[PDB]
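Engineer: my complex, first installment, coordinates as in the assembly:
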Amino acid sequence: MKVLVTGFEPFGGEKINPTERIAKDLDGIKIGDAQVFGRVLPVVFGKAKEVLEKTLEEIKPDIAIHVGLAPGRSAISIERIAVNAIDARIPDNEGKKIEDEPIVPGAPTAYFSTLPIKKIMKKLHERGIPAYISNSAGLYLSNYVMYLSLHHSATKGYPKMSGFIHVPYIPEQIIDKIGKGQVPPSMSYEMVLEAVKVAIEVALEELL
């Protein structure tokens, strides 16, 4: 069994992206007999697609769990659906602001995550990790990768399971925000990392 976990590089002026650290921390670890691969994706349309496709083709993971930062969210959120659309509120790390455009022309308007989202949420709660199901992953890079991953699965037969998980800011990211007159919610890095590991474990169990 092979598991692919992806994270994103910093974006929107943020100095760090905790999902980048998650991917690096999980890369190379084994959970039982399952091998985990951690890869960092660029927050750039086009390039992110190239890297994602190459990685999927290279590793051919049975399970793909894409992780991203959701500024302002107070708990772990498991995405229920990926939408075939791009409508960026801000430009990507290359200064491109795509608006009202499909991700894959002619493909389904949406794809449901194939991760066992309800079982994952339940296990997270048992571990004392606040989490809920999100019905919109946005229409920026997180949704972009989520959709392409699910499209790959529907078109190529793998990965068997694919989904997206958004995490809150970690505490250290809030420090300089306080001066800007506002304090968004945060969650410890340790908890965010464990949440992803739990998702992997539940997926492995639910897979076959």
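Structural biologist: Structure's in. What do you need? Residues are numbered from 1 along each chain as shown, chains lettered A, B, ... in the order given.
Engineer: Beta-bridge partners for the residue minimising distance to the centre of chain A, please?
Structural biologist: Geometric centre of chain A, nearest residue: residue A:67, 2.2 Å, by C-alpha atoms, centre = their mean. Residues in a beta bridge with residue A:67, per DSSP bridges, are residue A:165.
Engineer: what's it in contact with, if anything?
Structural biologist: A:5-8, A:19, A:22-23, A:164-167, A:196 (C-beta atoms under 8 Å, 6 or more residues apart in numbering). (C-beta placed from N, C-alpha, C; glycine too.)
Engineer: How much space separates it from residue A:127?
Structural biologist: According to C-beta to C-beta, to the nearest Å, residue A:67 stands 17 Å off from residue A:127.
Engineer: Then residue A:173?
Structural biologist: Taking C-beta to C-beta as the measure, residue A:173 falls 23 Å from residue A:127.
Engineer: The two - which one has more neighbours?
Structural biologist: Neighbours were counted for residue A:173 and for residue A:127 using other C-beta atoms under 10 Å; residue A:173 has more, 19 against 13.
Engineer: The more buried one against residue A:186, yeah?
Structural biologist: Yes: with contact defined as C-beta atoms under 8 Å, residue A:173 and residue A:186 form a contacting pair (6.9 Å).
Engineer: Wasn't residue A:51 part of a helix?
Structural biologist: Yes: secondary structure of residue A:51 (DSSP: H, G, I helix; E, B strand; the rest coil): part of a helix.
Engineer: wait, isn't it in contact with residue A:41?
Structural biologist: Yes: counting by C-beta under 8 Å, residue A:51 touches residue A:41, with 5.6 Å between them.
Engineer: which one of those two has more residues nearby?
Structural biologist: Counted by other C-beta under 10 Å, residue A:51 and residue A:41 do not tie: residue A:41 has more neighbours, with 26 against 17.
Engineer: about what we covered before: top of the contacts of residue A:67 by number of neighbours, please.
Structural biologist: Comparing the contacts of residue A:67 by number of neighbours (other C-beta under 10 Å), residue A:165 comes first, having 30 neighbours.
Engineer: throw chain B on there as well:
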Amino acid sequence: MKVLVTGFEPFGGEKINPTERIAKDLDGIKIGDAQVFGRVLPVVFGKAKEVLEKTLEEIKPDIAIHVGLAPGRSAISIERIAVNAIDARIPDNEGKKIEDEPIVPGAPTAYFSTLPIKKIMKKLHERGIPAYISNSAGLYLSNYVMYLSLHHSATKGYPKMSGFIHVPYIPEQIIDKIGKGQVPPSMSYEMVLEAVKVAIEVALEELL
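Structural biologist: Alright, chain B goes in next:
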């Protein structure tokens, strides 16, 4: 040197109050040559006052740091001011809902915290702990104890420093909220506990 740290018992239907655990965890520990005393207060007007006064008279702390739970707040908050008023939105653990009434008739309308709040906030940020200064501790039990403590200091000469710190919900407290259709912010118990220890350390340093 003696430090008094107080917490509160559960209230408002909540199953736990993380500040109760903070007080118990800090009780009896020593920070350098300073002795720390941890005491749990009831969330009941009158009784809370009795316990507080007895404890202050008994221990005669040089520093008093009162801690409480602030449901919904996203980071550690250090209270700048205590107000001479009681206007409860909900009744206390005895079913009493006091409205528009002074805490100490004839006493000052307000007292500024005497803890070195700015230095505490600065040290917390250096430790990677989100925190900000709050200008209202509410007009329920937290403010009640904060005011009585500062009044005691102004009238009896001790404690030399007195203040209040509110902490967010800890993660495990959010679990059953999710079902009630809403996800408030949270902070790890470990971080909330460390934040209080840091406040004690800064107060000890700033004291003399």
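Engineer: ranges for the helices of chain A?
Structural biologist: A:18-26, A:47-59, A:117-126, A:141-156, A:189-206 (DSSP state H).
Engineer: So for the second one, what gets flagged as buried?
Structural biologist: Taking 16 or more other C-beta atoms under 10 Å in any protein chain shown as the neighbour-count basis, helix A:47-59 is seen to contain the buried residues A:48-49, A:51-52, A:55-56, A:59.
Engineer: residues in contact with it?
Structural biologist: Helix A:47-59 is touched from outside by A:2, A:4, A:6, A:37, A:39, A:41-42, A:64, A:94, A:141, A:144-145, A:148-149, A:152, A:156, A:158-159, with contacts defined as C-beta atoms under 8 Å, 6 or more residues apart in numbering or on different chains.
Engineer: Just the buried ones from the residues you listed?
Structural biologist: Neighbour counting by 16+ other C-beta under 10 Å classes A:4, A:6, A:37, A:39, A:41-42, A:64, A:141, A:144-145, A:148-149, A:152, A:158-159 among these as buried.
Engineer: and which of the residues you listed is nearest to residue B:81?
Structural biologist: Nearest to residue B:81, judged by C-beta to C-beta, of these is residue A:141 at 44.1 Å.
Engineer: Name the residues of chain A found near chain B, please.
Structural biologist: A:74-75, A:125, A:128-132, A:171-172, A:174-175, A:178, A:183-188, A:190-191 (C-beta under 8 Å from any C-beta of the partner chain).
Engineer: Are any of the residues you listed buried, and if so which?
Structural biologist: For those, a burial check counting by 16+ other C-beta under 10 Å picks out A:74-75, A:125, A:129-132, A:171-172, A:174-175, A:178, A:183-188, A:191.
Engineer: Now intersect these with the strands, please.
Structural biologist: A:131-132 (DSSP state E).
Engineer: neighbours around residue A:97, how many?
Structural biologist: By other C-beta atoms under 10 Å in any protein chain shown, 13 other residues sit near residue A:97.
Engineer: who's in contact with residue A:150?
Structural biologist: So residue A:150 contacts A:82, A:111-114, A:162-163 (C-beta under 8 Å, 6+ apart).
Engineer: sequence below should go in as chain C:
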Amino acid sequence: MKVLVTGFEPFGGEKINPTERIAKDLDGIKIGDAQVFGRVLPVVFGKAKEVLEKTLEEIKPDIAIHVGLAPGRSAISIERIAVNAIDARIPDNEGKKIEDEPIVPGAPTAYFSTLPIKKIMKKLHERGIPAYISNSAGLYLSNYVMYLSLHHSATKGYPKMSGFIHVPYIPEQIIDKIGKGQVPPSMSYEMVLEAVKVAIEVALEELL
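Structural biologist: Placed with the earlier chains, chain C looks like this:
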């Protein structure tokens, strides 16, 4: 040209639903040569579907604009997508709480609104009406009707345009909330009504 505008009856303990008044106020009015039909739907799965289908078949509107109340939202929100799923956080007015179930088995996972959402948002802003595009209409009754309407259009060829618009609470609905210790955002009934009229006008212009 015929325009169908729907609203919902009160639900979730609320005494009123401003969208019910919107539907009644717009029923029978004419905008140019276009005839507007206003109908109130029950907040009940199954029954809502029956009424919706009968109304669509009866009137055969060229444009269908479904309106609903979105407690907590601060501005007019135009829904971008309807999802083929039902996952109610609360039961409907008949005490039924449907969970993880498709609206139309075998039908597309999602449908994009066919109303000219960007042009509507732009006109609303020009009129001084705060509004934004929402990417999730929830998975309760609003999404239920939005999806069924768009499914009808894709399967029957009419209405040519279909979409959903969520409105905030109107001021009078906030009064008794204040006592429950919390103050959600609101928008005047006059503005909410005008927003819907504007949407109808833009749709008529964009249609042919």
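Engineer: and the contacts of residue A:150, now that chain C is in?
Structural biologist: Residues in contact with residue A:150 (C-beta under 8 Å, 6+ apart) are A:82, A:111-114, A:162-163.
Engineer: Leaving aside the residues adjacent along the chain, what's closest to it?
Structural biologist: Setting aside the residues directly before and after it, residue A:150 is nearest to residue A:111 in space (C-beta to C-beta, 6 or more residues apart in numbering or on different chains), at 3.8 Å.
Engineer: what's the burial count for the one you found?
Structural biologist: Counted with other C-beta under 10 Å, the neighbours of residue A:111 add up to 23.
Engineer: Enumerate the residues of chain A near chain C.
Structural biologist: Counting by C-beta under 8 Å from any C-beta, the residues of chain A close to chain C are A:80-81, A:83, A:85, A:87, A:100, A:108-112, A:118, A:133, A:135-136, A:138-139.
Engineer: Type out the ChimeraX command that picks the buried ones from the residues you listed.
Structural biologist: Here is the ChimeraX command that picks out the buried ones among these, judged by 16+ other C-beta under 10 Å:
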select /A:80,81,83,85,87,108,109,110,111,112,133,135,136,138,139
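Engineer: which residue sits closest to the closest residue to chain C within chain A, ignoring its sequence neighbours?
Structural biologist: Chain C sits closest to residue A:110 of chain A, with a gap of 3.6 Å, by C-beta to the nearest C-beta. Distances taken as C-beta to C-beta, 6+ apart place residue C:110 nearest to residue A:110, at 3.6 Å, with adjacent residues excluded.
Engineer: Can you name the residues that contact the one you found?
Structural biologist: Counting by C-beta under 8 Å, 6+ apart, residue C:110 makes contact with A:81, A:83, A:108-110, C:81-84, C:147.
Engineer: next one: residue A:120
Structural biologist: Shown in contact with residue A:120 (C-beta under 8 Å, 6+ apart): A:78, A:131, A:198-199, A:202-203.
Engineer: That one and chain B: what is the separation?
Structural biologist: 14 Å (C-beta to the nearest C-beta, to the nearest Å).
Engineer: Residue A:87 is in contact with residue A:97, correct?
Structural biologist: No: Residue A:97 is not in contact with residue A:87 according to C-beta under 8 Å; the separation is 9.5 Å.
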